[PDB]
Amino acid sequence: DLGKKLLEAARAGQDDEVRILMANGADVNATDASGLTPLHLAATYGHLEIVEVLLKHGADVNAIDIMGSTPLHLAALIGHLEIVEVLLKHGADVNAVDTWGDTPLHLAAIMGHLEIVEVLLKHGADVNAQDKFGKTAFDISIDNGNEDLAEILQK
């Protein structure tokens, strides 16, 4: 199965194997058991060139896994700035909501990825979006005393 091999090559950052597998008909939108696609894995593991290749060849930028995570949620969680930017350039839903009520903004805020927070806000992140506990990214910043983040969130 080329789908499983593509998922592993996207995760491992194997650029030439991703290229050979796709040339042999590998499903760009293959899913693992939890619904993660090669784009989710490349975004999680920081492989910018594979993210770009997949998006050039029909990858769904807004694909969701079983927990509602989009590639943008995972690039925002892990802190891959260039990937967040490529994903948004290719139509990533800035306000996608997962099964915990989290948006990419909540995840970048929790993990202290301040530059990513700024980019998400510039691209229309919803400051009023509440997680399943009623918290916005601004509530997270006040509740955890992150003053640099609270300032950024208020521009």
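Throughout, we count residues from 1 along the sequence that is shown.
Annotation for 15-23 versus 135-143: the higher mean temperature factor (C-alpha) is found in 15-23. Sorting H106, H40, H113, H57 by the CA temperature factor given in the entry leaves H57 at the top. Of the residues listed, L87, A33, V117, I64, the entry assigns the biggest Cα temperature factor to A33. Split the chain's modelled residues into thirds by C-alpha temperature factor. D126 is in the middle one. Annotation for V53: C-alpha temperature factor in the highest third relative to the rest of the modelled chain, per the entry.
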